[PDB]
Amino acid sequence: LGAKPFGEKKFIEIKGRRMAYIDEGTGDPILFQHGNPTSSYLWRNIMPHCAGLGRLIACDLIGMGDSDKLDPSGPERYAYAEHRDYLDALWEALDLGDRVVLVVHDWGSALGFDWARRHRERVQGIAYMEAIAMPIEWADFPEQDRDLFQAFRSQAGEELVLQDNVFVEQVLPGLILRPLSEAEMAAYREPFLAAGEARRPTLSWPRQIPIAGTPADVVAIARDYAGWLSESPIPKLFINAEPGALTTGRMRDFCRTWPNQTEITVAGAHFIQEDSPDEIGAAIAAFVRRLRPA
């Protein structure tokens, strides 16, 4: 597997803040976007498979990875809309061109799907896995994690996450089938070593998941890209997971109705990149080779 990151971290100022990202190679972008509570590090063993197939980019969401924190931070900070404003500006600053291939996961998919809907003419292909493909109901949420996430979305969330770093220390490992190494966990907890607001992004995210109609704004956004994706002819690669976690049941049933889509199944729960990186990288590279023929 390997715990070493892919390439060197680069920095650029956005909205008066500093954001970190990986940008290696030349040509049309193959954009990898992580979710909660990860960073660009999540794709370290996947991006290599796309070597020479394009400009390999992986951005650290604001307040995450090596990107700046948003002070003053609080319950109102790090909502989906705010993350979008920063990511939109970062992607604009990167001069991506008009033949972008998106590779998304978790909140990176909500952000990526929305961006794609808004810049559809610039999207050459979309590879996704364990994504937030549509608004859901509690019955659709994984049973084993249902109570905990309901707790995150309650006044108990602050103690769980800001004080005890539960999303990083409990959820993350709990949704990876193979044992992580000391170095791998170190890389994941690094941005959240300090108790308090430094960990706010990992609490604000679960409170943004479009479940049972709340929050209304994210539900509407997801409803929008869900409808669009179900009709868009843009080529797609759906990397299904077994047993999987988020993209199972009804949501998986929905994703499987999407047009011009190739699907493969790999072993894993939610953070499948840590369980089947080679299968995932190989599939993405093949997908790209078909989208960018000699």
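The first residue of the shown sequence is 1; numbering continues from there.
Residue-level temperature factors show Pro135 in the middle third of its chain, judged at the C-alpha atom. When the modelled residues of the chain are ordered by their C-alpha B factor, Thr38 lands in the lowest third. Per the PDB record, residue ranking by Cα B-factor puts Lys69 in the highest third of the chain. Looking at the C-alpha B-factors along this chain, the one for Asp60 belongs to the lowest third. The entry lists a Cα temperature factor for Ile14 that places it in the highest third of the chain's modelled residues.
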